[PDB]
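Student: Sharing final32.cif, mmCIF, C-alpha atoms:
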data_input
#
loop_
_atom_site.group_PDB
_atom_site.id
_atom_site.type_symbol
_atom_site.label_atom_id
_atom_site.label_comp_id
_atom_site.auth_asym_id
_atom_site.auth_seq_id
_atom_site.Cartn_x
_atom_site.Cartn_y
_atom_site.Cartn_z
ATOM 1 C CA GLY A 1 41.122 27.353 37.225
ATOM 2 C CA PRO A 2 37.494 27.809 36.215
ATOM 3 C CA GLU A 3 35.690 24.737 34.940
ATOM 4 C CA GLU A 4 34.504 24.823 31.335
ATOM 5 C CA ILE A 5 31.616 23.106 29.559
ATOM 6 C CA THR A 6 32.743 21.902 26.150
ATOM 7 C CA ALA A 7 32.513 19.054 23.674
ATOM 8 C CA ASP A 8 36.326 18.761 23.737
ATOM 9 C CA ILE A 9 36.983 15.879 26.135
ATOM 10 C CA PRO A 10 40.192 13.820 26.406
ATOM 11 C CA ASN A 11 40.369 10.097 25.620
ATOM 12 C CA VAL A 12 36.732 9.763 24.550
ATOM 13 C CA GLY A 13 35.662 8.385 21.190
ATOM 14 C CA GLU A 14 33.606 10.545 18.859
ATOM 15 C CA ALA A 15 30.780 7.996 19.092
ATOM 16 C CA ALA A 16 30.015 9.112 22.649
ATOM 17 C CA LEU A 17 30.206 12.743 21.490
ATOM 18 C CA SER A 18 27.777 12.285 18.584
ATOM 19 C CA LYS A 19 24.822 13.384 20.739
ATOM 20 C CA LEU A 20 26.503 16.626 21.852
ATOM 21 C CA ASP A 21 26.397 19.871 19.908
ATOM 22 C CA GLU A 22 29.396 22.155 19.431
ATOM 23 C CA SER A 23 28.536 23.698 22.813
ATOM 24 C CA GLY A 24 28.668 20.400 24.716
ATOM 25 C CA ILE A 25 24.944 20.028 25.490
ATOM 26 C CA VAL A 26 22.867 17.051 24.372
ATOM 27 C CA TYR A 27 20.174 17.932 21.849
ATOM 28 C CA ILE A 28 16.539 17.980 22.905
ATOM 29 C CA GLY A 29 14.786 14.720 22.119
ATOM 30 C CA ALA A 30 17.998 12.707 21.858
ATOM 31 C CA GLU A 31 17.483 9.146 23.041
ATOM 32 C CA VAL A 32 20.122 8.353 25.648
ATOM 33 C CA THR A 33 21.047 5.125 27.426
ATOM 34 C CA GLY A 34 22.898 4.539 30.677
ATOM 35 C CA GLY A 35 26.510 5.695 30.686
ATOM 36 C CA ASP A 36 26.317 8.339 27.958
ATOM 37 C CA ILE A 37 27.551 11.917 28.358
ATOM 38 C CA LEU A 38 24.691 14.391 28.705
ATOM 39 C CA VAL A 39 26.959 17.432 29.151
ATOM 40 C CA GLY A 40 30.711 17.595 28.691
ATOM 41 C CA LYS A 41 32.439 19.236 31.651
ATOM 42 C CA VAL A 42 36.196 19.783 31.898
ATOM 43 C CA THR A 43 37.991 20.648 35.126
ATOM 44 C CA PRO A 44 41.617 21.839 35.332
ATOM 45 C CA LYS A 45 43.883 19.040 36.510
ATOM 46 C CA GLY A 46 46.400 19.568 39.282
ATOM 47 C CA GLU A 47 49.977 18.359 39.224
ATOM 48 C CA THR A 48 50.115 14.555 39.122
ATOM 49 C CA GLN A 49 52.892 12.282 40.352
ATOM 50 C CA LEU A 50 54.341 10.107 37.584
ATOM 51 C CA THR B 1 -7.074 -49.377 9.687
ATOM 52 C CA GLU B 2 -10.184 -47.701 11.103
ATOM 53 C CA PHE B 3 -8.648 -44.214 11.230
ATOM 54 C CA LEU B 4 -10.381 -41.240 9.618
ATOM 55 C CA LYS B 5 -8.955 -37.959 8.485
ATOM 56 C CA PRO B 6 -10.078 -34.403 9.290
ATOM 57 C CA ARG B 7 -11.342 -32.251 6.446
ATOM 58 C CA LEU B 8 -11.962 -28.509 6.234
ATOM 59 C CA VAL B 9 -15.530 -28.312 4.968
ATOM 60 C CA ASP B 10 -17.067 -24.925 5.869
ATOM 61 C CA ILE B 11 -15.735 -21.391 6.369
ATOM 62 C CA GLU B 12 -18.580 -19.369 7.879
ATOM 63 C CA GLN B 13 -17.867 -15.626 7.793
ATOM 64 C CA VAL B 14 -19.834 -13.835 10.505
ATOM 65 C CA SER B 15 -18.226 -10.523 9.513
ATOM 66 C CA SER B 16 -14.914 -9.057 8.368
ATOM 67 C CA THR B 17 -13.590 -9.727 11.899
ATOM 68 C CA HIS B 18 -15.436 -12.788 13.228
ATOM 69 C CA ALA B 19 -14.975 -16.104 11.432
ATOM 70 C CA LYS B 20 -16.239 -19.659 11.918
ATOM 71 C CA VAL B 21 -14.289 -22.690 10.691
ATOM 72 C CA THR B 22 -15.610 -26.258 10.857
ATOM 73 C CA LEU B 23 -13.375 -29.339 10.805
ATOM 74 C CA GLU B 24 -14.760 -32.862 10.484
ATOM 75 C CA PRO B 25 -14.664 -35.814 10.867
ATOM 76 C CA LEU B 26 -12.730 -36.160 14.136
ATOM 77 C CA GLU B 27 -12.239 -39.356 16.121
ATOM 78 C CA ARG B 28 -12.636 -39.762 19.881
ATOM 79 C CA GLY B 29 -10.463 -37.374 21.868
ATOM 80 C CA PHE B 30 -8.864 -35.841 18.782
ATOM 81 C CA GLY B 31 -11.235 -32.877 18.821
ATOM 82 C CA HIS B 32 -9.841 -31.324 21.991
ATOM 83 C CA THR B 33 -6.246 -32.253 21.132
ATOM 84 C CA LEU B 34 -6.361 -30.627 17.705
ATOM 85 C CA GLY B 35 -8.374 -27.677 18.989
ATOM 86 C CA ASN B 36 -5.996 -26.883 21.833
ATOM 87 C CA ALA B 37 -2.916 -27.301 19.641
ATOM 88 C CA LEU B 38 -4.432 -25.051 16.975
ATOM 89 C CA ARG B 39 -5.415 -22.463 19.579
ATOM 90 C CA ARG B 40 -1.949 -22.359 21.122
ATOM 91 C CA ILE B 41 -0.357 -22.039 17.680
ATOM 92 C CA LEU B 42 -2.743 -19.395 16.333
ATOM 93 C CA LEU B 43 -2.463 -17.134 19.374
ATOM 94 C CA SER B 44 1.336 -17.035 19.366
ATOM 95 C CA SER B 45 2.856 -17.613 15.930
ATOM 96 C CA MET B 46 0.746 -15.888 13.276
ATOM 97 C CA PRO B 47 2.700 -13.383 11.156
ATOM 98 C CA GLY B 48 1.268 -9.929 10.645
ATOM 99 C CA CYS B 49 2.088 -6.333 9.816
ATOM 100 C CA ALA B 50 2.233 -3.555 12.389
ATOM 101 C CA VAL B 51 3.332 0.062 12.610
ATOM 102 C CA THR B 52 6.823 0.185 14.081
ATOM 103 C CA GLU B 53 8.363 3.579 13.297
ATOM 104 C CA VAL B 54 6.706 6.976 12.888
ATOM 105 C CA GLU B 55 8.285 10.211 11.681
ATOM 106 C CA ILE B 56 6.523 13.564 12.052
ATOM 107 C CA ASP B 57 7.838 16.910 10.770
ATOM 108 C CA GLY B 58 8.653 19.507 13.438
ATOM 109 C CA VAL B 59 8.564 16.943 16.273
ATOM 110 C CA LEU B 60 11.697 15.924 18.169
ATOM 111 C CA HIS B 61 10.337 13.482 20.763
ATOM 112 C CA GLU B 62 7.058 11.831 21.714
ATOM 113 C CA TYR B 63 6.658 14.011 24.830
ATOM 114 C CA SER B 64 5.939 17.228 22.912
ATOM 115 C CA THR B 65 2.842 18.747 21.319
ATOM 116 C CA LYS B 66 1.976 20.442 18.040
ATOM 117 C CA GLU B 67 -0.318 23.413 17.521
ATOM 118 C CA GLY B 68 -3.743 22.608 16.127
ATOM 119 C CA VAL B 69 -3.638 18.939 17.153
ATOM 120 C CA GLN B 70 -6.227 18.167 19.814
ATOM 121 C CA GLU B 71 -4.406 15.239 21.402
ATOM 122 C CA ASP B 72 -0.777 14.587 22.320
ATOM 123 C CA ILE B 73 1.948 12.798 20.379
ATOM 124 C CA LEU B 74 1.689 9.817 22.733
ATOM 125 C CA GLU B 75 -1.990 9.518 21.840
ATOM 126 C CA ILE B 76 -0.982 9.710 18.175
ATOM 127 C CA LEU B 77 1.414 6.796 18.600
ATOM 128 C CA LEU B 78 -1.133 4.764 20.560
ATOM 129 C CA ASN B 79 -3.670 5.367 17.787
ATOM 130 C CA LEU B 80 -1.061 4.268 15.241
ATOM 131 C CA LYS B 81 -0.426 1.102 17.261
ATOM 132 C CA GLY B 82 -3.927 -0.063 16.340
ATOM 133 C CA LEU B 83 -3.522 0.215 12.568
ATOM 134 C CA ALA B 84 -4.643 -2.823 10.556
ATOM 135 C CA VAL B 85 -2.482 -2.873 7.425
ATOM 136 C CA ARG B 86 -1.971 -5.690 4.923
ATOM 137 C CA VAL B 87 1.056 -5.843 2.618
ATOM 138 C CA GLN B 88 1.143 -8.318 -0.270
ATOM 139 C CA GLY B 89 4.478 -8.039 -2.047
ATOM 140 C CA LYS B 90 7.213 -6.779 0.244
ATOM 141 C CA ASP B 91 7.968 -6.932 3.965
ATOM 142 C CA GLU B 92 8.888 -3.296 4.703
ATOM 143 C CA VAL B 93 6.655 -0.410 3.622
ATOM 144 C CA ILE B 94 6.987 3.349 4.110
ATOM 145 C CA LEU B 95 3.616 5.085 4.396
ATOM 146 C CA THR B 96 2.945 8.789 3.959
ATOM 147 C CA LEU B 97 0.153 10.782 5.599
ATOM 148 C CA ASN B 98 -0.570 14.423 4.755
ATOM 149 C CA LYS B 99 -3.579 16.359 6.025
ATOM 150 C CA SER B 100 -4.516 20.012 6.457
ATOM 151 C CA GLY B 101 -7.771 21.509 7.680
ATOM 152 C CA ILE B 102 -10.204 21.168 10.568
ATOM 153 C CA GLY B 103 -11.697 17.792 11.395
ATOM 154 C CA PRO B 104 -10.765 14.261 12.405
ATOM 155 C CA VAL B 105 -7.933 12.453 10.650
ATOM 156 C CA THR B 106 -8.629 8.850 9.665
ATOM 157 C CA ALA B 107 -6.630 6.067 8.051
ATOM 158 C CA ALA B 108 -8.315 6.857 4.726
ATOM 159 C CA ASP B 109 -6.137 9.978 4.460
ATOM 160 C CA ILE B 110 -2.967 7.911 4.059
ATOM 161 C CA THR B 111 -1.709 8.090 0.481
ATOM 162 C CA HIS B 112 -2.761 4.634 -0.643
ATOM 163 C CA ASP B 113 -0.271 2.317 -2.321
ATOM 164 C CA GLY B 114 -0.841 -0.493 -4.785
ATOM 165 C CA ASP B 115 0.558 -3.177 -2.466
ATOM 166 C CA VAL B 116 -0.902 -1.908 0.825
ATOM 167 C CA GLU B 117 -4.434 -2.704 1.998
ATOM 168 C CA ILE B 118 -6.057 -0.684 4.789
ATOM 169 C CA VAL B 119 -8.641 -2.734 6.671
ATOM 170 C CA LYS B 120 -10.274 0.156 8.556
ATOM 171 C CA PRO B 121 -10.386 3.434 6.595
ATOM 172 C CA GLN B 122 -12.634 5.008 9.258
ATOM 173 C CA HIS B 123 -10.173 4.357 12.111
ATOM 174 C CA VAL B 124 -9.502 7.834 13.502
ATOM 175 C CA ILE B 125 -5.848 8.701 14.050
ATOM 176 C CA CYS B 126 -5.587 12.432 14.877
ATOM 177 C CA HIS B 127 -7.709 15.544 15.381
ATOM 178 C CA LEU B 128 -7.009 18.970 13.879
ATOM 179 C CA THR B 129 -8.510 22.142 15.340
ATOM 180 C CA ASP B 130 -6.911 24.965 13.313
ATOM 181 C CA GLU B 131 -7.549 25.466 9.602
ATOM 182 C CA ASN B 132 -3.970 26.601 9.000
ATOM 183 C CA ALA B 133 -2.692 23.571 10.929
ATOM 184 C CA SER B 134 -1.069 20.917 8.747
ATOM 185 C CA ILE B 135 0.381 17.526 9.657
ATOM 186 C CA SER B 136 2.877 15.533 7.577
ATOM 187 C CA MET B 137 3.805 12.068 8.794
ATOM 188 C CA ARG B 138 5.924 9.192 7.509
ATOM 189 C CA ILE B 139 4.938 5.731 8.727
ATOM 190 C CA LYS B 140 7.181 2.673 8.473
ATOM 191 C CA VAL B 141 5.633 -0.799 8.591
ATOM 192 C CA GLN B 142 7.490 -4.095 8.765
ATOM 193 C CA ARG B 143 6.165 -7.643 8.914
ATOM 194 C CA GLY B 144 6.809 -10.088 11.718
ATOM 195 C CA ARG B 145 5.339 -12.365 14.350
ATOM 196 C CA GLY B 146 4.954 -12.167 18.102
ATOM 197 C CA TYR B 147 5.367 -9.062 20.244
ATOM 198 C CA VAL B 148 8.469 -6.891 19.954
ATOM 199 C CA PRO B 149 9.098 -4.215 22.606
ATOM 200 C CA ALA B 150 11.068 -1.053 21.843
ATOM 201 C CA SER B 151 14.309 -2.357 23.399
ATOM 202 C CA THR B 152 15.066 -5.376 21.213
ATOM 203 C CA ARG B 153 14.950 -3.459 17.928
ATOM 204 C CA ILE B 154 17.292 -0.713 19.137
ATOM 205 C CA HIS B 155 19.623 -3.317 20.666
ATOM 206 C CA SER B 156 19.780 -5.343 17.445
ATOM 207 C CA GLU B 157 20.282 -2.455 15.006
ATOM 208 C CA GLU B 158 23.590 -0.639 15.495
ATOM 209 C CA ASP B 159 23.221 2.261 13.058
ATOM 210 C CA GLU B 160 22.522 5.757 14.365
ATOM 211 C CA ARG B 161 19.013 7.077 13.884
ATOM 212 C CA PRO B 162 18.307 10.812 13.491
ATOM 213 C CA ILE B 163 16.376 12.682 16.147
ATOM 214 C CA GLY B 164 12.691 12.381 15.306
ATOM 215 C CA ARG B 165 12.736 8.664 14.423
ATOM 216 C CA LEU B 166 10.005 7.819 16.901
ATOM 217 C CA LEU B 167 9.913 4.117 17.775
ATOM 218 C CA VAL B 168 6.652 2.400 18.702
ATOM 219 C CA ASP B 169 6.102 -1.075 20.077
ATOM 220 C CA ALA B 170 5.016 -3.653 17.511
ATOM 221 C CA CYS B 171 2.240 -6.172 18.141
ATOM 222 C CA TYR B 172 2.726 -8.274 15.028
ATOM 223 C CA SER B 173 0.159 -10.935 15.927
ATOM 224 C CA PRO B 174 -3.135 -10.182 14.147
ATOM 225 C CA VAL B 175 -5.166 -12.779 16.026
ATOM 226 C CA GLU B 176 -7.104 -11.244 18.923
ATOM 227 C CA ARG B 177 -9.209 -14.075 20.363
ATOM 228 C CA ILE B 178 -10.093 -17.616 19.320
ATOM 229 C CA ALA B 179 -12.169 -20.379 20.865
ATOM 230 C CA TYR B 180 -13.314 -23.837 19.859
ATOM 231 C CA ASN B 181 -15.981 -26.380 20.729
ATOM 232 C CA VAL B 182 -16.550 -30.015 19.784
ATOM 233 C CA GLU B 183 -19.908 -31.458 18.717
ATOM 234 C CA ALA B 184 -21.030 -34.744 17.175
ATOM 235 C CA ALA B 185 -20.436 -35.338 13.478
ATOM 236 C CA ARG B 186 -23.209 -36.953 11.434
ATOM 237 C CA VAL B 187 -22.282 -40.160 9.596
ATOM 238 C CA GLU B 188 -24.932 -42.691 8.609
ATOM 239 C CA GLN B 189 -22.890 -45.757 9.611
ATOM 240 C CA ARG B 190 -20.773 -44.045 12.317
ATOM 241 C CA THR B 191 -22.709 -42.217 15.035
ATOM 242 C CA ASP B 192 -19.602 -41.624 17.185
ATOM 243 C CA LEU B 193 -17.452 -39.229 15.142
ATOM 244 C CA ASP B 194 -16.916 -35.675 16.371
ATOM 245 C CA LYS B 195 -16.782 -32.352 14.538
ATOM 246 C CA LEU B 196 -14.555 -29.448 15.568
ATOM 247 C CA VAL B 197 -15.780 -25.861 15.201
ATOM 248 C CA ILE B 198 -13.107 -23.218 15.773
ATOM 249 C CA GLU B 199 -14.183 -19.604 16.249
ATOM 250 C CA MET B 200 -11.648 -16.953 15.258
ATOM 251 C CA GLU B 201 -11.822 -13.214 15.902
ATOM 252 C CA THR B 202 -9.138 -10.868 14.601
ATOM 253 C CA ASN B 203 -8.614 -7.705 12.595
ATOM 254 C CA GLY B 204 -8.225 -7.988 8.844
ATOM 255 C CA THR B 205 -4.895 -8.833 7.196
ATOM 256 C CA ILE B 206 -5.557 -12.555 7.803
ATOM 257 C CA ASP B 207 -7.868 -14.901 5.964
ATOM 258 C CA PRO B 208 -9.067 -17.534 8.469
ATOM 259 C CA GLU B 209 -8.450 -20.450 6.103
ATOM 260 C CA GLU B 210 -4.884 -19.376 5.356
ATOM 261 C CA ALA B 211 -4.268 -18.840 9.073
ATOM 262 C CA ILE B 212 -5.413 -22.366 9.917
ATOM 263 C CA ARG B 213 -3.356 -23.714 7.019
ATOM 264 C CA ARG B 214 -0.282 -21.889 8.336
ATOM 265 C CA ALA B 215 -0.878 -23.253 11.837
ATOM 266 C CA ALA B 216 -1.165 -26.796 10.494
ATOM 267 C CA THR B 217 2.019 -26.377 8.444
ATOM 268 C CA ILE B 218 4.011 -25.094 11.414
ATOM 269 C CA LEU B 219 2.698 -27.872 13.659
ATOM 270 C CA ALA B 220 3.730 -30.489 11.092
ATOM 271 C CA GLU B 221 7.132 -28.826 10.723
ATOM 272 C CA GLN B 222 7.605 -28.977 14.493
ATOM 273 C CA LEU B 223 6.564 -32.644 14.552
ATOM 274 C CA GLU B 224 9.093 -33.372 11.794
ATOM 275 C CA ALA B 225 11.725 -33.466 14.549
ATOM 276 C CA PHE B 226 9.743 -36.356 16.080
ATOM 277 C CA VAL B 227 8.612 -38.354 13.026
ATOM 278 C CA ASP B 228 12.063 -39.774 12.273
ATOM 279 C CA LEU B 229 14.543 -38.202 14.728
ATOM 280 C CA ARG B 230 13.702 -40.787 17.389
ATOM 281 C CA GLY C 1 31.456 29.870 43.643
ATOM 282 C CA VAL C 2 29.517 28.538 40.641
ATOM 283 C CA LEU C 3 29.665 29.861 37.085
ATOM 284 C CA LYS C 4 26.797 28.125 35.283
ATOM 285 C CA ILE C 5 24.299 25.355 35.999
ATOM 286 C CA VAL C 6 22.889 23.032 33.333
ATOM 287 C CA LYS C 7 19.628 21.243 34.134
ATOM 288 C CA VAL C 8 18.754 18.229 31.974
ATOM 289 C CA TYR C 9 15.307 16.632 32.148
ATOM 290 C CA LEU C 10 15.050 12.928 31.337
ATOM 291 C CA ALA C 11 11.798 11.113 30.548
ATOM 292 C CA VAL C 12 11.829 7.386 31.317
ATOM 293 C CA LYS C 13 9.038 5.118 30.105
ATOM 294 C CA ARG C 14 8.770 2.191 32.518
ATOM 295 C CA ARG C 15 6.864 -0.988 31.695
ATOM 296 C CA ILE C 16 5.716 -3.675 34.114
ATOM 297 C CA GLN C 17 8.155 -6.389 35.188
ATOM 298 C CA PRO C 18 8.172 -9.352 37.568
ATOM 299 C CA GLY C 19 8.870 -7.627 40.866
ATOM 300 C CA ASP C 20 6.600 -4.589 40.769
ATOM 301 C CA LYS C 21 4.130 -4.097 43.616
ATOM 302 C CA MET C 22 0.521 -4.497 42.507
ATOM 303 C CA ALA C 23 -2.250 -3.869 45.003
ATOM 304 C CA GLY C 24 -6.004 -3.519 45.105
ATOM 305 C CA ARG C 25 -8.265 -1.216 47.067
ATOM 306 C CA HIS C 26 -8.867 -3.671 49.930
ATOM 307 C CA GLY C 27 -5.419 -4.242 51.415
ATOM 308 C CA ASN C 28 -4.577 -7.166 49.117
ATOM 309 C CA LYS C 29 -1.125 -6.259 47.824
ATOM 310 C CA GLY C 30 1.287 -8.444 45.923
ATOM 311 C CA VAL C 31 4.313 -8.717 43.678
ATOM 312 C CA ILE C 32 4.305 -9.749 40.033
ATOM 313 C CA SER C 33 5.798 -13.248 39.929
ATOM 314 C CA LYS C 34 5.978 -14.161 36.239
ATOM 315 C CA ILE C 35 4.774 -12.827 32.901
ATOM 316 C CA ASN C 36 2.468 -15.305 31.242
ATOM 317 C CA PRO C 37 1.900 -15.689 27.495
ATOM 318 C CA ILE C 38 -1.624 -14.888 26.387
ATOM 319 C CA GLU C 39 -2.238 -18.427 25.124
ATOM 320 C CA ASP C 40 -0.919 -19.822 28.418
ATOM 321 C CA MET C 41 -3.673 -18.711 30.787
ATOM 322 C CA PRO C 42 -7.192 -19.907 31.655
ATOM 323 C CA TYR C 43 -9.961 -19.067 29.215
ATOM 324 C CA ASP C 44 -13.713 -19.517 29.271
ATOM 325 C CA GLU C 45 -15.887 -21.179 26.632
ATOM 326 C CA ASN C 46 -16.095 -17.862 24.780
ATOM 327 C CA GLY C 47 -12.292 -17.804 24.503
ATOM 328 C CA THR C 48 -11.574 -14.628 26.466
ATOM 329 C CA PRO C 49 -8.554 -15.215 28.739
ATOM 330 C CA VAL C 50 -8.274 -13.730 32.205
#
Mind converting the file's structure to structure tokens?
Tutor:
Amino acid sequence: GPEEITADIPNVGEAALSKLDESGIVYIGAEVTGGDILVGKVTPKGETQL
Amino acid sequence: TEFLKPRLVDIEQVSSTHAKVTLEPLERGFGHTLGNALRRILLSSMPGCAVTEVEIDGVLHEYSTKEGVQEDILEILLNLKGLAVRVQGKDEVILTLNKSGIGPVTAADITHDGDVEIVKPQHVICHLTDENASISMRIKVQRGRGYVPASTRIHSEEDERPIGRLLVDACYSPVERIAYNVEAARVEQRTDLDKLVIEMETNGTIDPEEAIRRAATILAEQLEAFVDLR
Amino acid sequence: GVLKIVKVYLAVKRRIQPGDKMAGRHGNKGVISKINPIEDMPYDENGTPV
């Protein structure tokens, strides 16, 4: 499946998503420290063994 | 005993920046001891007020530019870093600067407040080149001591700050440079006493006498752990 | 094979630390050992510290 850029990301608190817009891109001028999410990218996940 | 006690006798004011303070009488060897202790205290632990946070309309970060302003936002913040401001009542002050026209912008254009004293009203802060260009700026000043980089304040404070809350480094210490020398005090029956002359150079926002008084108080407070606690 | 590319530019302000290489114009290089307080270093009779 095609990868999508979005602010909808599983198992991530809204605090880390506060610096992303509705399109998933960090705002210009936003101060960012190590480990933050600059752009939210989602890739389709294959079948996983449970 | 034969001990004598130092007395603050003269406060010679060379200018609004340079000050001379004379201390006498001083016994043998006490001149250099007191002078060095006072110098180490005054250069490190004097409280003062400094610009710490600047907000400008239409500016997102410090790496951008605005039309009509000759210099860059970084130059604006570095010019703000050298603002000599004195606050009497409170410890945190929000300052407002509004200017529109062509010509240099100085500290005199800040909307003056009853409890804020500006030492240098001719200290240039920005340059405007377009008549229609206007600049509105909010300046936040706290009071502290020592030097505070831009990392400690953001680490300590956990609240979110909106984009445009530009943080600048704070150099709280108002004292720039001090030096001292020891001469001979004049006493009719004691031709061996010494007199300590301490030269102090700083911006405004500090009266030399109150600075020396503060240094003496803090030194005594530090010694209080030695007077009776073994 | 790609759909969209997002370029993000990051501006890092770097101060001096013990460990940075300082050198002159005569082949005399070195490494910052410690950061000294202003009141902690040699001064002349005028009070200006090196």
Student: With 12 Å as the limit and counting only C-alpha atoms, what residues in chain C lie close to chain A? Please list them as a PDB file with C-alpha atoms, in the coordinates of the input.
Tutor:
ATOM      1  CA  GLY C   1      31.456  29.870  43.643  1.00  0.00           C
ATOM      2  CA  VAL C   2      29.517  28.538  40.641  1.00  0.00           C
ATOM      3  CA  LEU C   3      29.665  29.861  37.085  1.00  0.00           C
ATOM      4  CA  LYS C   4      26.797  28.125  35.283  1.00  0.00           C
ATOM      5  CA  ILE C   5      24.299  25.355  35.999  1.00  0.00           C
ATOM      6  CA  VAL C   6      22.889  23.032  33.333  1.00  0.00           C
ATOM      7  CA  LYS C   7      19.628  21.243  34.134  1.00  0.00           C
ATOM      8  CA  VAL C   8      18.754  18.229  31.974  1.00  0.00           C
ATOM      9  CA  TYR C   9      15.307  16.632  32.148  1.00  0.00           C
ATOM     10  CA  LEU C  10      15.050  12.928  31.337  1.00  0.00           C
ATOM     11  CA  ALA C  11      11.798  11.113  30.548  1.00  0.00           C
ATOM     12  CA  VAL C  12      11.829   7.386  31.317  1.00  0.00           C
ATOM     13  CA  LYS C  13       9.038   5.118  30.105  1.00  0.00           C
TER      14      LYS C  13
END
Student: Please expand the PyMOL selection byres ((chain B) within 8 of (chain C)) into the concrete residues it hits in this file, giving the result as a list in words.
Tutor: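 When the PyMOL selection byres ((chain B) within 8 of (chain C)) is applied to the shown file, the picked residues are residues 39, 40, 43, 44, 177, 178, 179, 180 and 181 of chain B.
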Student: Please produce an output containing C-alpha atoms for each residue in the selection, written as a PDB file, in the frame of the given file.
Tutor:
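Result saved to result.pdb:
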ATOM      1  CA  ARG B  39      -5.415 -22.463  19.579  1.00  0.00           C
ATOM      2  CA  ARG B  40      -1.949 -22.359  21.122  1.00  0.00           C
ATOM      3  CA  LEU B  43      -2.463 -17.134  19.374  1.00  0.00           C
ATOM      4  CA  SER B  44       1.336 -17.035  19.366  1.00  0.00           C
ATOM      5  CA  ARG B 177      -9.209 -14.075  20.363  1.00  0.00           C
ATOM      6  CA  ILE B 178     -10.093 -17.616  19.320  1.00  0.00           C
ATOM      7  CA  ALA B 179     -12.169 -20.379  20.865  1.00  0.00           C
ATOM      8  CA  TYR B 180     -13.314 -23.837  19.859  1.00  0.00           C
ATOM      9  CA  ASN B 181     -15.981 -26.380  20.729  1.00  0.00           C
TER      10      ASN B 181
END
Student: So which residues get picked by the PyMOL selection byres ((chain B) within 6 of (chain A)) here, written as JSON, numbers by chain?
Tutor: {"B": [60, 61, 163]}
Student: Keeping C-alpha atoms for every residue in the selection just given, could you write it to a file as a PDB file, in the coordinates of the input?
Tutor:
ATOM      1  CA  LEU B  60      11.697  15.924  18.169  1.00  0.00           C
ATOM      2  CA  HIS B  61      10.337  13.482  20.763  1.00  0.00           C
ATOM      3  CA  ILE B 163      16.376  12.682  16.147  1.00  0.00           C
TER       4      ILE B 163
END
Student: Mind pulling up the distance from CA of residue 164 in chain B to CA of residue 42 in chain A?
Tutor: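 According to the coordinates, CA of residue 42 in chain A and CA of residue 164 in chain B are separated by 29.7 Å.
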Student: Of the candidates B:72, B:106, B:89, B:54, which one gets nearest to residue 140 in chain B if we count only C-alpha atoms?
Tutor: B:54
Student: Grab the CA of residue 90 in chain B to CA of residue 206 in chain B distance for me, in Å with one decimal place.
Tutor: 15.9 Å
Student: Which centre and edge lengths in Å to one decimal define the box along x, y and z that fits every listed atom of range 22-39 of chain A plus 8 Å per side, as lines of an AutoDock Vina configuration file?
Tutor:
center_x = 22.1
center_y = 14.1
center_z = 25.1
size_x = 30.6
size_y = 35.2
size_z = 27.3
Student: Please determine the residues with any atom at most 8 Å from (8.8, 10.2, 22.0) (coordinates as given in the file, with all atoms listed in the file counting) and report them as a PDB file with C-alpha atoms, keeping the file's coordinate frame.
Tutor:
ATOM      1  CA  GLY A  29      14.786  14.720  22.119  1.00  0.00           C
TER       2      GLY A  29
ATOM      3  CA  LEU B  60      11.697  15.924  18.169  1.00  0.00           C
ATOM      4  CA  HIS B  61      10.337  13.482  20.763  1.00  0.00           C
ATOM      5  CA  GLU B  62       7.058  11.831  21.714  1.00  0.00           C
ATOM      6  CA  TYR B  63       6.658  14.011  24.830  1.00  0.00           C
ATOM      7  CA  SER B  64       5.939  17.228  22.912  1.00  0.00           C
ATOM      8  CA  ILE B  73       1.948  12.798  20.379  1.00  0.00           C
ATOM      9  CA  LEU B  74       1.689   9.817  22.733  1.00  0.00           C
ATOM     10  CA  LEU B 166      10.005   7.819  16.901  1.00  0.00           C
ATOM     11  CA  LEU B 167       9.913   4.117  17.775  1.00  0.00           C
TER      12      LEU B 167
END
Student: For the structure provided, state which residues fall under the PyMOL selection byres ((chain B and resi 5) around 9), and present them as a PDB file with C-alpha atoms, in the frame of the given file.
Tutor:
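Writing done, so here's part18.pdb:
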ATOM      1  CA  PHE B   3      -8.648 -44.214  11.230  1.00  0.00           C
ATOM      2  CA  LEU B   4     -10.381 -41.240   9.618  1.00  0.00           C
ATOM      3  CA  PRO B   6     -10.078 -34.403   9.290  1.00  0.00           C
ATOM      4  CA  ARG B   7     -11.342 -32.251   6.446  1.00  0.00           C
ATOM      5  CA  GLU B  24     -14.760 -32.862  10.484  1.00  0.00           C
ATOM      6  CA  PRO B  25     -14.664 -35.814  10.867  1.00  0.00           C
ATOM      7  CA  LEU B  26     -12.730 -36.160  14.136  1.00  0.00           C
ATOM      8  CA  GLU B  27     -12.239 -39.356  16.121  1.00  0.00           C
TER       9      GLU B  27
END
Student: I'd like the neighbourhood of residue 85 in chain B as number ranges by chain, where a residue qualifies if any of its atoms comes within 7 Å (using all atoms listed in the file), though same-chain residues fewer than 4 positions away should be ignored.
Tutor: B: 49-50, 116-119, 205
Student: Work out how far apart CA of residue 35 in chain A and CA of residue 152 in chain B are and give it in Å to one decimal.
Tutor: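 Distance reported for this atom pair: 18.5 Å.
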Student: Do a neighbour search on residue 35 in chain C at 10 Å with only C-alpha atoms, toss out local chain neighbours closer than 4 positions, and write the hits as a compact mmCIF listing (two decimals) with C-alpha atoms, in the frame of the given file.
Tutor:
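As a result, result11.txt now contains:
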# COMPACT_ATOMS: atom_id res chain seq x y z
CA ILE C 16 5.72 -3.68 34.11
CA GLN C 17 8.15 -6.39 35.19
CA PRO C 18 8.17 -9.35 37.57
Student: Using only C-alpha atoms, which protein or nucleic acid residues come within 10 Å of residue 133 in chain B? Drop anything in the same chain fewer than 2 positions from it, and give the result as a list in words.
Tutor: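 The residues satisfying every condition are residues 66, 67, 68, 69, 99, 100, 101, 102, 128, 129, 130, 131 and 135 of chain B.
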